[PDB]
């Protein structure tokens, strides 16, 4: 969260949050080069631009991936500000940072998952507790051909033809929100699709399987095959 250094980067101070998250004690920090927490993650130009900005008097802003002691990595979002003389010359440096511990890990994850899901070439969507699409894979969007953003708000029934059997569609929907396994053929419509046009219908074999998460949480995992 907060530290101050002399012009050369030697930590003069060293706040409680900084000690907390760095898992370093204030006495192991004070008098150390701020390089102590460096991680190897950043290239020298990132560091060189930082020092090139602050030493000419300007505020700097950026993220830092830092090293905790036990060698583990954290993230911080920083603003570094110079303190001046007299002769308008930087004399000390104040760094105010929030720990983005955390939101960063919770993000490199999604990217991995998202990356794996996206490569699935089965047509798949995910539904929340209310049976609204929380995710639609590229195979499905491609074949639909609706862009995922058309889709996210909705209802899988947005994929169905106006010709579809309403009583089946409803069975599916009720399975989704209950959440129970369901499957079995619905007439879908795809955009062809400038259009409007539009529009071919085709029988879809459809499976849903509920997935309970923690916190009374529910997702419906949905497969769409051409029957």
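Positions refer to the first chain, counted from 1.
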| query | finding |
| --- | --- |
| Mean temperature factor over C-alpha atoms, higher-scoring stretch between 98-106 and 124-132 | 98-106 |
| Mean C-alpha B-factor comparison - 195-203 and 154-162, higher one | 195-203 |
| Criterion, highest CA B-factor; candidates, 92, 79, 72, 115 | 72 |
| Lowest, middle or highest third - CA B-factor, residue 28 | highest |
| Residue 67 - which third its CA temperature factor falls in, relative to the rest of the chain | highest |
| Residue 211 - which third its CA temperature factor falls in, relative to the rest of the chain | lowest |
| Third of the chain, ranked by Cα B-factor, where residue 44 sits | highest |
| Chain thirds of CA B-factor: placement of residue 86 | highest |
